[PDB]
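Just so you know, structure 1 and structure 2 below are the same protein chain in two forms, each on its own as structure tokens.
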Structure 1
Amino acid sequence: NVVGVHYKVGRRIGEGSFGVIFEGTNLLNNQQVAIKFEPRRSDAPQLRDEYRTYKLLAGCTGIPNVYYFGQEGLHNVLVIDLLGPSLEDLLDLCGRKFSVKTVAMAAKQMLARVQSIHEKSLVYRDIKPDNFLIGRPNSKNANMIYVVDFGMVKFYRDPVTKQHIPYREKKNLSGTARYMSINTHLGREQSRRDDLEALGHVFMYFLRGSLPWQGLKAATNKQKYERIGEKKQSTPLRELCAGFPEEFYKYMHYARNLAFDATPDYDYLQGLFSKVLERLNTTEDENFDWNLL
């Protein structure tokens, strides 16, 4: 039908670790939006709490604008800017893997996004390539990479005092295997380091086309997070980053080694990719592999 008083829904463009997303269209300007629906029940990670996060990060580079949030019957709606394909499809579309260049350039923006968030006293806690999108196909941001879905973001520090909160090693465990940090796997709580670490498992996913721990038999589901973690653990960073820019190794080695409160030297990490682009004689122009088709 039509919700958000002046936003009409279109087709389904996918779902996210939370709940379906349809691509609407504001009925008062003709601009294509993103509409997220969510039922009102046991769940309450409410687009609201996500809305509030889309609010906070609002104004920080590569963060989608928020446009609405209400209560339409059995649901909760959150209106958001439309955006291009996810880095995950792109990968698939670009031929199961990207090229050092493309990676290096993505890493920067990505890594930039995971910082902004951290500077808002929030761990992102759900780092996967499926969460990074590019501006709409033919616009002024097509060559930009955004972050989406903050359904798992948490406060790792009082946004005010910036005083870091606790450090357990005993709660739940309900994320996305393939890229989480080893800490995460071990039960440890997640700090800004866990975000940077999984980001590198993701950069190596791009380069390698896969990680060494994907696919694991003998288990089920609440156990797979084990076999995967183990392999991750029994997989040396040399072997993993083997045959790829040293910076990448340098990156992973850094991340996989920070303390639970360690404030990442974001500039150091950003510099590593800039060099990677310096060796290639290229520049941070957006010749991603995905603008040729």
Structure 2
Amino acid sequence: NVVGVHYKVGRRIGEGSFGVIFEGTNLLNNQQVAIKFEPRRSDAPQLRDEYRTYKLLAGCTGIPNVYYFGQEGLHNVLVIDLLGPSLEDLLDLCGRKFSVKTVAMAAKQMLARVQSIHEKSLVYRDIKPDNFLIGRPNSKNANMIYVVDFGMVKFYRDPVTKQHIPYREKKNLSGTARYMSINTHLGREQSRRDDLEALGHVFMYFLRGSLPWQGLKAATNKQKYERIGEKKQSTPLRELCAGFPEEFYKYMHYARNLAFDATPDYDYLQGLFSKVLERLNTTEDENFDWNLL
């Protein structure tokens, strides 16, 4: 089957609520690509917004290249660069947890991608390990960590005036409950800080193999986000982080205390993760757990 005139569709490599994702090949140059298919339906988030965001971030490190957007029958198709598995996929290969070294090194790369997004005036809003994918097996950037999936980014400040959006409440909960900021749970408008806090939740998940609020109780969908949020507030940071380098507690702490429109101090956050590597007497190399025996 051939879409976008010169793109051949292979087999499924991903399937989510937002559609199916196939591996494919560009018939002109034979480059490998991923073809996202979204069914055209009332409630489904436009795939065109994602294409626009990819174009906006084009040229940014760790953001894949986009190649085509169009409609094919009852589907919208977005063609991106083919990438490797996600950090969640690799967890299943490493015992369901990562070592401090891998977390600190990944953190530095994951933190640089989120900052890049913020500098383009967007807030990600869907921070999760399933969205950070690494390079293709035999290529230059096989150990580079990429961010994908921009279906729910939003402008947090007018792009040209740098005017920050106002603080609103009564918002409806969006992304994955497991990693969201406490604020998102209280229905408050999400900002830079919230991305930074959701990333810190992802970091502790990497470290412990699980979070205190996973698999809660027998209740309805809205009750799950409620109880999880309460648990997140009852679990103190020193306990959540007990047993790992102080730098992780310092990160969770900074992230949770940022004021709504405050510009995060990315260099401080990055230095934290550097101190972690120093203390282990190692450098930032490409010796991630999934490359080790």
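Here the rigid core means the biggest group of C-alpha atoms that line up within 1.5 Å when the two forms are laid on top of each other. Here, residue number means position along structure 1's sequence, counting from 1.
- Core-based superposition between structure 1 and structure 2 shows that, of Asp267, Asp43, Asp261, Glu239, only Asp43 has its Cα displaced by 2 Å or more.
- Relative to the superposed core, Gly10 shifts its CA atom by less than 2 Å between structure 1 and structure 2.
- For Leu28, the displacement of the CA atom between structure 1 and structure 2, after superposition on the rigid core, amounts to 1.2 Å.
- For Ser174, the Cα shift between structure 1 and structure 2 is 2.5 Å when the rigid core is held fixed in the overlay.
- Comparing between structure 1 and structure 2 on a rigid core frame, one finds that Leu90 has its C-alpha moved by 0.4 Å.
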